[PDB]
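The structure under discussion appears below in the form of structure tokens.
Chain letters run A, B, ... following the sequence lines, proteins first, then strands; residues in each count from 1. Values below: all heavy atoms of this structure, side chains included; hydrogens, waters and symmetry mates excluded.
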Protein chains: 2
Amino acid sequence: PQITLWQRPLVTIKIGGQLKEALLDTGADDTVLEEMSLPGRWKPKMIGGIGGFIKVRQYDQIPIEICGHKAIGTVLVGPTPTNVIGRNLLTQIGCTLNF
Amino acid sequence: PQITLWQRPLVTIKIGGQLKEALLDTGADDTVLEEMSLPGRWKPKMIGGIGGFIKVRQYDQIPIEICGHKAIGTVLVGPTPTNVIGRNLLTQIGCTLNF
Ligand SMILES: CNc1nc2ccc(S(=O)(=O)N(CC(C)C)C[C@@H](O)[C@H](Cc3ccccc3)NC(=O)O[C@H]3CO[C@H]4OC[C@H](OCCC(F)(F)F)[C@H]43)cc2o1
Ligand SMILES: [Cl-]
Ligand SMILES: [Cl-]
Ligand SMILES: [Cl-]
């Protein structure tokens, strides 16, 4: 698809058996989601943005689907004010900026 | 251009006759630059991100070139960790997301 930027680029993702809404975020290195359970190992991480840092749990090798597009990657979980899909997964679905 | 997302989508901008580096950021409604001088009067704004909120100065109708593409619009100035070009200007230069 070609996604306009007149509005926030929100999509539905499928992760950990749940459907969630998230922002396609080229300014985010990493994918960060609000609190949720995920299986497998994790390690603590601090990530920083406008306003400072938050502590998150880093889960690796997590399957996700974004717009029919399957991928696998790292998902950070913690008290983000909004769910963001970062570059680590945007690359896997072949997402580019165009102008 | 078509810009992939394996690295940060950093581009050169020009504002007030000076070159700066900034991130093309589809997750940002607005454009926020690190401390700098701009002309005219400013208005207050609070913008929120991953770690909370910051206060910025809002300047309107500012000419800014992004990857050579000419825009004139609102620029917020304050203690952001990185210069970000948000959707207010990405739409002026005809930017879309594609996959
Ligand atoms: C109302 N209008 C309004 N206009 C706005 C304009 C902007 C913002 S915004 O910036 O809050 N943000 C909103 C979004 C999160 C919904 C945009 C987002 O793309 C942000 C951009 C950025 C990139 C780099 C640093 C800081 C911010 N990315 C981000 O947070 O990424 C995190 C997860 O991945 C890492 O990589 C990048 C960053 O690294 C942190 C490194 C350090 F710790 F800062 F050094 C880490 C809100 C605005 O509100
Ligand atoms: Cl990853
Ligand atoms: Cl590619
Ligand atoms: Cl604007």
Would you mind checking which part of B:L24 comes under 4.5 Å of any heavy atom in chain A, side chain (CB onward), backbone (N, CA, C, O), both or neither?
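For B:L24, backbone and side chain are both near chain A.
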
Kindly state each residue pair satisfying ring-ring contact (aromatic ring centres under 6.0 Å, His included) with at least one member in residues 62-99 of chain A, sequence neighbours excluded.
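The answer is A:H69-B:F99, A:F99-B:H69.
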
In this structure, would B:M36 and B:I13 fall into the same cluster of hydrophobic residues linked by side-chain contacts under 4.5 Å?
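B:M36 and B:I13: one cluster.
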
Which other residues belong to the hydrophobic cluster containing A:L76, where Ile, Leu, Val, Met, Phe, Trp and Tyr are joined when side-chain heavy atoms lie under 4.5 Å apart, directly or via other members?
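Same cluster as A:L76: A:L10, A:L23, A:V32, A:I47, A:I54, A:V56, A:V84, B:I50.
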
Should the heavy atoms of other residues, nucleotides or ligands under 6.0 Å from [atom1] of [X] be counted, would the total exceed 12?
{"X": "A:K70", "atom1": "NZ", "result": "no"}
{"X": "A:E35", "atom1": "CD", "result": "yes"}
{"X": "A:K20", "atom1": "NZ", "result": "yes"}
{"X": "A:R41", "atom1": "CZ", "result": "yes"}

Which heavy atom of B:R87 sits nearest to which heavy atom of A:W6, and what is that distance?
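Where B:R87 meets A:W6 most closely, the heavy atoms are NH1-O, 3.2 Å.
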
For B:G49 and A:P81, work out which heavy atoms get closest and say how close.
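Scanning both residues, the minimum pair turns out to be O-CG, 3.4 Å.
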
Any idea which of A:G48, A:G78, A:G86, A:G52 has the most non-hydrogen atom pairs under 4.5 angstrom with chain B?
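Most heavy-atom pairs under 4.5 Å with chain B: A:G52.
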
Are any side-chain N or O atoms of [X] and backbone N or O atoms of [Y], one a donor and one an acceptor, separated by less than 3.5 Å?
{"X": "B:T96", "Y": "A:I3", "value": "no"}
{"X": "B:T91", "Y": "A:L5", "value": "no"}
{"X": "A:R8", "Y": "B:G27", "value": "no"}

Compare all side-chain heavy atoms of A:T26 with those of B:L97 and state whether any distance is below 4.5 angstrom.
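A:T26 reaches B:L97 side chain to side chain.
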
Working to the nearest 0.5 Å, report the span between CG of A:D29 and CD of B:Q7.
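Rounded to the nearest 0.5 Å, the CG-CD separation comes to 11.5 Å.
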
